[PDB]
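Heads up: numbering here begins at 1 and tracks the sequence.
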Amino acid sequence: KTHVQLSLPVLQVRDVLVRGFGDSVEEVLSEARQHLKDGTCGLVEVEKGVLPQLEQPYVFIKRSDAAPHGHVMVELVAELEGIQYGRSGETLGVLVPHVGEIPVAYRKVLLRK
């Protein structure tokens, strides 16, 4: 399927144990997509002071359209030293590995895969 319905656990930035997916734009997009498939991906909501507490390159989910079955359609955009790889809509949050942190909420998304 071109899209997959996922429910992403929303993590508090100070709980996150593994603060990024790797060391290059290509690796972090690769790893984010693998963790999304494996159900091992969390979402951190972006506010003042969040991104400097996480590791670049960043992987964002961004709204790709204006929401089947309650799931917002999203795609992946990476960012390294202020340059984004991809073009999409409003940020829903920054993706991180999930290694058993307790979430505060779930974000239902339809991920363009």
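A heavy-atom distance below 4.5 Å is not found between the side chains of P57 and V59. At least one side-chain heavy atom of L111 sits less than 4.5 Å from a side-chain heavy atom of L76.
Under the side-chain hydrogen bond (donor to acceptor under 3.5 Å, both in side chains) criterion, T40 pairs with no residue at all, not counting sequence neighbours.
Residues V77 and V4 fall into different hydrophobic clusters, defined by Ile, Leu, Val, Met, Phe, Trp and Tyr side chains chained together at heavy-atom separations under 4.5 Å. The cluster map of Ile, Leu, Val, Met, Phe, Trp and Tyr, joined by side-chain heavy atoms under 4.5 Å apart, puts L95 and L11 in different clusters. Follow the hydrophobic side-chain contacts under 4.5 Å out from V72 and you reach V10 in the same cluster.
Counting only residues at least two apart or on different chains, no ring-ring contact (aromatic ring centres under 6.0 Å, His included) pair has a member in residues 82-102. Within the structure, side-chain hydrogen bond (donor to acceptor under 3.5 Å, both in side chains) pairs that include any residue of residues 5-20 do not occur (at least two apart or interchain).
From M73, atom CE reaches atom CZ of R63 across 10.5 Å, with rounding to the nearest 0.5 Å. Atoms NE2 and CZ, from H3 and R112 in turn, are 4.5 Å apart once rounded to the nearest 0.5 Å. A distance of 9.5 Å separates OH in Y58 from CG in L80, rounded to the nearest 0.5 Å. Between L8 atom CG and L92 atom CG the span is 9.0 Å, to the nearest 0.5 Å. Taken to the nearest 0.5 Å, the OG1 atom of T91 stands 2.5 Å off from the NZ atom of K62. The CG atom of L36 sits 6.0 Å away from the CG atom of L6 when rounded to the nearest 0.5 Å.
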Under 3.5 Å, sequence neighbours excluded: what are the donor-acceptor pairs made by side chains of residues 20-32?
residue : atom : partner : partner atom : Å
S24     : OG   : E27     : N            : 3.1
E27     : OE1  : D23     : N            : 3.0

Only distances under 3.5 Å count here; give the side-chain donor-acceptor pairs of residues 101-109 to other protein atoms, sequence neighbours excluded, each with its distance to 0.1 Å.
residue : atom : partner : partner atom : Å
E101    : OE1  : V99     : N            : 2.9
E101    : OE2  : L17     : N            : 2.9

Between side-chain atoms of residues 42-54 and protein atoms elsewhere (two or more places apart, or another chain), which donor-acceptor pairs fall under 3.5 Å?
residue : atom : partner : partner atom : Å
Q53     : NE2  : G49     : O            : 3.0

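For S64 and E75, the side-chain atoms include no donor-acceptor pair closer than 3.5 Å.
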